[PDB]
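Only one chain is shown below, in structure tokens, and it's the form deposited without inosinic acid (IMP).
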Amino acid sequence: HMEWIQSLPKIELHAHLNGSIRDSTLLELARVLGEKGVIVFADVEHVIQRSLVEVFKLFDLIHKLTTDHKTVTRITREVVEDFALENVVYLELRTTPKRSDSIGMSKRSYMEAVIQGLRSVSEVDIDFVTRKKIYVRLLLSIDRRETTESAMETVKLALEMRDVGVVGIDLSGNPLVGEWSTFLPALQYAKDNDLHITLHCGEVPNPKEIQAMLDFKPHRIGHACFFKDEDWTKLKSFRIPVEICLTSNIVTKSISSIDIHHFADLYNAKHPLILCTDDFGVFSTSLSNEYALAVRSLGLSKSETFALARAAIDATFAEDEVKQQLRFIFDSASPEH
């Protein structure tokens, strides 16, 4: 089945730039950073080569790697190549635009380096503007430690970059930091300007925040691990698709086992869900492997797996012509199975 799942056309809707870095690139850039004294490489080297402690370690180091434009451009290209190689036909790539007055980096310039990364792709054909071919669109993430003001800078930037494929805004970062009330006004501005919205939601128990995010009616949410019954009821009546990150939830212990993961309940209740990687480099997985885990856990046929993969199209933030092309790609690949 794994060869079949790897050839299946897939849609990735929750993948972070910083977390999708290939390990070889991580090793190389880490070594050059330590060779500059910016860090000691022995502390990172063996992990770079599993546990919760360790994945937090990698997140740490990666923040330090992504401080120069060249690196942002490179990892953007490599991430698009890797996803395309496993037959993702549509990718919404999210990242947090990052400021560093020192390196001359603004959020705008960081994002420009991302666009340069998309233009530099050569191993696959790419559509991002309006041999494998991959459609790429961008989500700008607001980090939970930002202020309302900073969040608004991210939203304004996203609106200016709609011509190069920015389709929406995300809220992410440590779910124990910050207050919804800080980010609601910026996200409302985004939504009122017809950007699409996805929210990391319910990653920790937080009943009031979960209800406020649901009441906002974003266009998608990520995870939903600690929803209560009234949360599920509101989610299902509002019909908000859930980005399901199986390995991520398991490794971080937001969900105790795949056998109780709510993605099964959502699937059987005919609620829209999309299997996503979250950070495939950091979590040592891939979209094909996430599909493998889900197919095994639910006991899906090839037919049900294909219908599930195809159903993600109407949850994308892409323009209608892109979605019609995706419907064509899936119609056209169903013959295989």
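If you superpose the two forms and keep the largest set of C-alpha atoms that fall within 1.5 Å, you have the rigid core. Numbers for residues come from their place in the sequence shown, where the first is 1.
From this point on, the text means the form solved in complex with inosinic acid (IMP), which you will not see here.
Colleague: Give me the residue from 183, 90, 110, 227 that has a heavy atom within 4.5 Å of inosinic acid (IMP) in the deposited bound form.
Modeller: So the residue touching inosinic acid (IMP) in the deposited bound form, by this definition, is 110.
Colleague: Taking inosinic acid (IMP) in the deposited bound form as the reference, which of 231, 143, 153, 81 has a non-hydrogen atom within 4.5 Å?
Modeller: Contact residue from the list: 143.
Colleague: Just one stretch in 258-266, 171-179, 158-166, 82-90 has heavy atoms within 4.5 Å of inosinic acid (IMP) in the deposited bound form, so which one is it?
Modeller: Looking at the partner contacts, the answer comes out as 171-179.
Colleague: Report whether the minimum heavy atom distance between residue 198 and inosinic acid (IMP) in the deposited bound form is within 4.5 Å.
Modeller: Answer no; every heavy atom of residue 198 is more than 4.5 Å from inosinic acid (IMP) in the deposited bound form.
Colleague: Looking at the partner-bound form in the deposited bound form, is residue 220 within 4.5 Å of inosinic acid (IMP) by any heavy atom?
Modeller: Taking the distances in the deposited bound form, the answer for residue 220 is no, it never comes within 4.5 Å of inosinic acid (IMP).
Colleague: Counting only non-hydrogen atoms and a 4.5 angstroms cut-off, does residue 10 reach inosinic acid (IMP) in the deposited bound form?
Modeller: Judged by the heavy-atom cut-off of 4.5 Å, residue 10 is well away from inosinic acid (IMP) in the deposited bound form.
Colleague: Does residue 318 reach inosinic acid (IMP) in the deposited bound form, with heavy atoms at most 4.5 Å apart?
Modeller: Contact with inosinic acid (IMP), no.
Colleague: Of 274-296, which residues get within 4.5 Å of inosinic acid (IMP) in the deposited bound form if you count heavy atoms?
Modeller: 278, 279, in sequence order.
Colleague: Which residue of 308, 33, 295, 55 is the mover here, meaning its C-alpha shifts by 2 Å or more between this form and the one not shown once both are aligned on the rigid core?
Modeller: It is 55; the other listed residues stay below 2 Å.
Colleague: Rigid core aligned, does the Cα position of residue 44 differ by 2 Å or more between this form and the one not shown?
Modeller: Shift at residue 44: 2 Å or more after core fit.
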